[PDB]
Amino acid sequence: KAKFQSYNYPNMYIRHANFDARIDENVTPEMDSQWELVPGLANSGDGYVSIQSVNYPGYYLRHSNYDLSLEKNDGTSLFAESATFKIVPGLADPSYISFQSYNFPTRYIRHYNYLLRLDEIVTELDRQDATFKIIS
């Protein structure tokens, strides 16, 4: 069980709202920013995880059209592939973390302003937008 705090806006946390994944401050209810890292749905090797909502059990962060949303696992390999991430050292500071996609290993979870998206990471600010602190 963990929250993910943004490296560059450190009072904002990854959270779900109307099934979109985004970051926000003063997250209400606070349980929309609580997550469980579980073994990757598409790969149970060390380092691979899926990111399950604590207040919507069975629903996980999943990418589609390069956007991340909170979606119910429908049991498919397609879902699992797009909802599995490798936790790697933080791209902006390696003592934090970044989430690299399993099926698109050059893309990472990043906030784009308040939206959460799955992007290739080029600039310093892109690295900072893709870096999170695990609060657990």
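In this text, residue numbers run from 1 along the sequence as written.
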Would you determine, from the values in the PDB entry, which of 59-67 and 87-95 has the greater average C-alpha temperature factor?
-> 59-67
Per the entry, which of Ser50, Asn43, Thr28, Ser77 tops the list for Cα B factor?
-> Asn43
By the entry's values, the third containing the CA B factor of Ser82 is the lowest
C-alpha B factor of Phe19, ranked within the chain: lowest, middle or highest third?
-> highest
Is the Cα B-factor recorded for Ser101 in the lowest, middle or highest third of its chain?
-> lowest
Tertile call for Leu115 (CA temperature factor, within chain, third-based) is the lowest
